[PDB]
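Chains as they are written, first to last, in PDB author numbering: chain A, 1 to 9, 11 to 35, 40 to 64, 67 to 72, 74 to 109, 122 to 150, 156 to 238; chain B, 1 to 32, 39 to 58, 66 to 72, 74 to 80, 83 to 109, 112 to 220, 223 to 231.
We treat Cβ as the ideally placed atom computed from N, Cα and C, and that holds for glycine.
Below: the structure, in structure tokens.
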Ligand SMILES: [Cl-]
Ligand SMILES: [Cl-]
Ligand SMILES: [Cl-]
Ligand SMILES: [Cl-]
Ligand SMILES: [Cl-]
Ligand SMILES: [Cl-]
């Protein structure tokens, strides 16, 4: 199968620099362009740059010209985006994509770039402790920066009924969110429930056992 | 430097309905237009290339056509899993541009939320802040008024909401409201209540601090 796997990204200060990578597998030829397309939070898709890796021809959108450079290491099957002199308007999820040298048939998973001078901070995790036959419980994930956190339950064995809310920016400038799940009332205390909160930007994972109060 | 104007910017239709999304190019793009589907926070998925060619694996309910500079995506029978933002794109060169996007919502019968309220944890209170959380679970439509009352006094300014995207199978939403108080303010009051109003119905879930 064709795969585009992105790496790089994360938090960077204004005026700073980052290099994104897009490693390709499963291609049947090299007759493909590589693209970078970004999506600022709450906004649409915006093409950023293109390269034809075998030849080196590049192409840039006005919004990034003279600031971003796209290149390619054919021997590593990897396209790069060297992003210099970053501004806050550059904050976005950055996607790499391929197209025939067709349409953009395969895309990487996306990687968030946050341009800001605020400090990384891992989350605090508090229980949402547990009428009728169905009870709800959850974990409040408070005061972290930057995004993202992911949440699972019971190490992935509990998925149905889970709602993990999009984070909200608090007036403190830190993010917050909750993850909830509904389970049978009779399952409380005979089942143990644990939310697994991953905050890779701070290299921190927090598991919280949510017990009845 | 060529614009692609999508219409409408958002729409709601029922399951099995025919949905029509259009996209007009500022200049000639020949047939060099693609259509993408994007679930929130996930990579876009290719649906249609060359104005009308279906991509491998795409259900046949999707179709596209061209008339001069006007391009149309059609979903002949909308299904719940088709909730997404749909994007048009031109590639006549490469100076690629995307349309602004069309967000499609699944229209559904009314579903009342299951409402739950959560006191702050004792652990959190040690830090000097109290978060009270109200959950509205699996409801439709999305619009709902959520109000906080403390000792029956209506609150304002001290809460924030967040809403899930539409469930891909039952087309419902879930919503959290989070009330933030200082510990001192929290400890001075007894009754915490979350009130949810939809249509002719208003439901209030409460707890008494310490009970
Ligand atoms: Cl390859
Ligand atoms: Cl664009
Ligand atoms: Cl914690
Ligand atoms: Cl699809
Ligand atoms: Cl209820
Ligand atoms: Cl009191």
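- The alpha-carbon separation between residue 6/A and residue 16/A amounts to approximately 23 Å.
- Fewer than three Cβ pairs drawn from the segment 139-148 of chain B and the segment 89-98 of chain B lie within less than 8 Å of each other, which leaves the two stretches out of contact.
- Annotated three-state conformation of residue 191/B is strand, per DSSP.
- Secondary structure at residue 202/B: helix, using DSSP grouped into helix, strand and coil.
- By the rule that beta-carbons nearer than 8 Å mark a contact, residue 50/B touches chain A.
- Setting aside the 5 residues that flank it on each side, residue 45/B is surrounded in the same chain by 100, each with a C-beta closer than 7 Å to its C-beta; the list follows chain order.
- Proximity annotation: ligand 1 has residues 25/A, 26/A, 27/A, 28/A, 85/A in chain order, each selected because its CB is closer than 6 Å to a heavy atom of the ligand.
- For residue 133/B, the distance from the CB to the nearest heavy atom of ligand 5 is below 7 Å.
- Beta bridge pairing from DSSP links residue 124/A with no other residue.
- With at least 16 other beta carbons inside 10 angstroms of its own, residue 139/B counts as buried.
- Using a Cβ-Cβ cut-off of 8 Å, residue 70/B does not count as an interface residue toward chain A, since no Cβ of chain A sits closer than that to its own.
- For chain A, the residues of the segment 112-136 of chain B that bring a beta carbon within less than 9 Å of one of its beta carbons are 112, 113, 114, 115, 116, 117, 118, 119, 132, 134, 136, in chain order.
- Cβ neighbours of residue 159/A within its own chain (closer than 6 Å, five residues either side excluded): 207.
- Close to ligand 3, as judged by a C-beta nearer than 6 Å to any of its heavy atoms, are the residues 144/A, 145/A, 231/A, in chain order.
- Burial is judged here by how many other beta carbons sit within 10 angstroms of a residue's own beta carbon; residue 100/A has at least 16 and is buried.
- For residue 213/B, DSSP records a beta bridge to 165/B, 224/B.
- Identification of chain A residues near residue 194/B by a Cβ-Cβ cut-off of 7 Å yields 190, 203, ordered along the chain.
- For the C-beta of residue 151/B, the chain A residues within less than 9 Å are, from N- to C-terminus, 148, 163, 165, 203, 205.
- DSSP, read as helix, strand or coil, puts residue 179/A in helix.
- Chain-order list of chain B residues neighbouring residue 125/A: 52, 55, 68, 69, by C-beta distance under 9 Å.
- In this structure the segment 147-154 of chain B does not lie against the segment 173-186 of chain A, because fewer than three pairs of beta carbons, one per stretch, are closer than 8 Å.
- Under the 10 Å beta carbon count, residue 167/A is surrounded by 16 or more other beta carbons and is classified as buried.
- In terms of side-chain proximity, the C-beta atom of residue 116/B is found nearer than 7 Å to a non-hydrogen atom of ligand 2.
- Against chain B, the beta carbon of residue 193/A has neighbours under 7 Å at 178, 180, listed in chain order.
- DSSP places residue 6/B in the uninterrupted beta strand (DSSP E) bounded by 4-7.
- The shortest CA-to-CA distance from residue 161/B to any of 52/B, 214/B, 102/B is the one to 214/B.
- Of the candidates 132/B, 210/B, 3/B, 132/B places its Cα closest to the Cα of residue 193/B.
- The three-state reading of DSSP puts residue 48/B in coil, since its state is none of H, G, I, E or B.
- The beta carbon of residue 19/B lies closer than 6 Å to those of 13, 91, 94 in the same chain, with the five residues before and after it left out.
- Contact between the segment 167-174 of chain B and the segment 23-32 of chain B is not established, with fewer than three Cβ pairs separated by less than 8 Å.
- Bridge partners of residue 123/B according to DSSP: 12/B.
- Judged by the Cβ position, residue 71/B qualifies as a neighbour of ligand 4 at the 7 Å threshold, a heavy atom of the ligand being closer than this.
- At least one heavy atom of ligand 5 lies closer than 7 Å to the C-beta of residue 223/B.
- Pairing residue 161/A with residue 129/B, the inter-Cα distance amounts to about 18 Å.
- Rounded to whole angstroms, the separation of the alpha carbons of residue 202/B and residue 120/B is 47 Å.
- If you draw a straight line from the Cα of residue 82/A to the Cα of residue 58/A, it is about 7 Å long.
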